[PDB]
Amino acid sequence: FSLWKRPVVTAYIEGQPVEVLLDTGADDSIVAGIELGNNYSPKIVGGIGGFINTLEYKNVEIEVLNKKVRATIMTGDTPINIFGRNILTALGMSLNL
Amino acid sequence: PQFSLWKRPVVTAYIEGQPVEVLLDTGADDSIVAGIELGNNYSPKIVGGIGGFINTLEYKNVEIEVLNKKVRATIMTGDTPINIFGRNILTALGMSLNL
Ligand SMILES: CC[C@@H](c1ccccc1)c1c(O)c2ccc(OC)cc2oc1=O
């Protein structure tokens, strides 16, 4: 992945298809649209411009970049889908000069 | 060098001489830093982050030293809760996501 184009890929969370962004400066992962169930615990996340209320789920099956992992995911009203350092490390990715 | 991502990819750079701590961000298009004054030509901008919009000022042709390399790039400055170097600077450095 060169950085001349946005690092956007397609991921399958519990079977649902979504286009996420590979974000190295995000500690967690927020996506919108997905319906994951009734086992969540509320969170408050904050970035540039303010805060966003999210619902947190643990151990969610994710298939992306030809790999299948289990990670924590947050659903909320975010203006852009993000896969942060938590999924990225679990997937084995690196940032190199 | 290589950055595992178990910890935030944070580094020191110099915006026209002044040292600041920034985060390497692959999901952002532009770059924005707080607390610096420059003399380059500027124009006011409004960026929208993950939480809402923020008022800023954009400078063109600024000289930056990061990782022992020098580049002339575009950067924004305002009251941001975290300083970041977006993809406009990373590409000019030659960084890449590996797997
Ligand atoms: C400060 C780091 C950050 C963040 C992401 C998720 C949760 C908390 C913070 C952040 C981006 O990485 C970003 C990326 C792309 C973008 O597009 C406009 C906007 C962006 O706003 C941001 O606050």
Side-chain angles (χ1 to χ4, degrees), chain A residues 1-9 19-30 45-52 78-85 88 93-97, chain B residues 1-3 5 7-99:
Chain A
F1 274 101
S2 200
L3 291 327
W4 287 102
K5 300 191 177 186
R6 279 151 68 100
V8 179
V9 293
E19 290 196 305
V20 309
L21 183 63
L22 274 24
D23 198 321
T24 52
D27 298 3
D28 314 294
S29 301
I30 313 93
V45 72
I48 287 154
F51 288 95
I52 306 168
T78 183
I80 196 160
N81 292 343
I82 291 168
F83 259 16
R85 285 192 298 106
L88 295 197
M93 273 181 37
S94 210
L95 175 74
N96 302 79
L97 172 56
Chain B
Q2 189 205 230
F3 291 84
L5 295 176
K7 180 160 303 166
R8 293 128 156 290
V10 180
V11 84
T12 303
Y14 300 82
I15 288 71
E16 293 262 14
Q18 313 161 40
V20 304
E21 299 272 291
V22 303
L23 211 184
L24 278 6
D25 200 319
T26 51
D29 307 309
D30 329 274
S31 295
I32 170 166
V33 172
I36 48 180
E37 290 176 44
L38 306 165
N40 294 62
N41 52 80
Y42 69 88
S43 208
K45 224 200 177 212
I46 294 184
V47 297
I50 210 173
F53 297 100
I54 268 174
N55 271 79
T56 65
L57 217 67
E58 178 187 62
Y59 291 82
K60 302 283 192 56
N61 248 338
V62 178
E63 164 180 62
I64 300 161
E65 176 159 346
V66 66
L67 283 164
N68 301 314
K69 282 147 80 76
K70 286 203 194 183
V71 307
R72 229 91 200 189
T74 305
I75 191 171
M76 280 176 284
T77 198
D79 194 351
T80 187
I82 199 49
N83 305 320
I84 50 186
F85 265 12
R87 295 185 302 101
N88 63 330
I89 291 186
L90 303 193
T91 42
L93 290 185
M95 291 197 104
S96 60
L97 266 175
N98 271 263
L99 177 270

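Labels below follow one simple rule: chain letters A, B, ... track the order of the sequence lines, proteins then strands, and each chain is numbered from 1. Excluded from the calculations below are hydrogen atoms, water molecules and symmetry mates; all remaining heavy atoms, backbone and side chain alike, are included.
Looking at every heavy atom in both residues, B/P19 comes nearest to B/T12 through CB-CG2, 4.3 Å. A/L21 and B/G27 get closest at one heavy-atom pair: CD2-O, 3.3 Å. Smallest separation of non-hydrogen atoms from A/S29 and A/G84: OG-N, 2.8 Å. Closest heavy-atom contact between B/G94 and A/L97: C-CD1, 4.2 Å. When all heavy atoms are compared, the tightest approach of B/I50 to A/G47 is CG2-CA, 4.1 Å.
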Original post:
Passes side chain to side chain contact (heavy atoms under 4.5 Å, CB included), B/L93 versus B/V66? Steps please.
Top reply: CA-CA 9 Å; B/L93 290 185; B/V66 66; 3.6 Å; yes
**OP:** Show your working on side chain to side chain contact (heavy atoms under 4.5 Å, CB included) between B/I64 and B/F85 and close with a plain yes or no.
**Re:** CA-CA 11 Å; B/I64 300 161; B/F85 265 12; 3.7 Å; yes
**OP:** Would you sort out whether B/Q18 and B/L38 count as a side chain to side chain contact (heavy atoms under 4.5 Å, CB included), showing the intermediate values?
**Re:** CA-CA 10 Å; B/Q18 313 161 40; B/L38 306 165; 4.3 Å; yes
**OP:** Evaluate the criterion side chain to side chain contact (heavy atoms under 4.5 Å, CB included) for residue pair B/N98 and B/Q2; output intermediate values, then yes/no.
**Re:** CA-CA 10 Å; B/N98 271 263; B/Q2 189 205 230; over 6 Å; no
Subject >> Derivation of the side chain to side chain donor-acceptor pair (under 3.5 Å) call for B/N41 and B/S43 >> reply: CA-CA 7 Å; B/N41 52 80; B/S43 208; over 6 Å; no
Acceptor/donor pairs from residues 71-82 of chain B side chains to any protein atom, 3.5 angstrom cut, sequence neighbours excluded:
residue : atom : partner : partner atom : Å
B/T77   : OG1  : B/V33   : O            : 2.7
B/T80   : OG1  : B/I82   : O            : 3.0

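Under a 3.5 Å cut-off, the side chain of B/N88 and the backbone N or O of B/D30 do not form any donor-acceptor pair. The backbone N or O of A/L22 sits less than 3.5 Å from a side-chain atom of B/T26, completing a donor-acceptor pair. Using a distance-only test at 3.5 Å, with no hydrogens or angles considered, a donor-acceptor pair links the side chain of A/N81 to the main chain of A/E19. At least one donor-acceptor pair closer than 3.5 Å links the side chain of B/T56 to the backbone N or O of B/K45.
Every pair passing ring-ring contact (aromatic ring centres under 6.0 Å, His included) that includes a residue from residues 47-79 of chain B is listed here, sequence neighbours excluded: B/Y42-B/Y59.
The side chain to side chain donor-acceptor pair (under 3.5 Å) check on A/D27 picks up A/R85, B/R8, with sequence neighbours excluded. For B/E37, the side-chain contact (heavy atoms from CB on, under 4.5 Å) test picks out no residue, with sequence neighbours left out. Under the side-chain contact (heavy atoms from CB on, under 4.5 Å) criterion, B/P44 pairs with B/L57, not counting sequence neighbours. Listed by chain and number, the residues in a side-chain contact (heavy atoms from CB on, under 4.5 Å) with A/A26 are A/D23, A/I82 (sequence neighbours excluded).
Note that the CG atom of B/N55 and the CD1 atom of B/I46 stand 5.0 Å from one another [nearest 0.5 Å]. If you take OG on A/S94 and CG on B/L97, they are separated by 8.5 Å, rounding to the nearest 0.5 Å. One finds the CE atom of A/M93 at 5.0 Å from the CG atom of A/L88 (value rounded to the nearest 0.5 Å).
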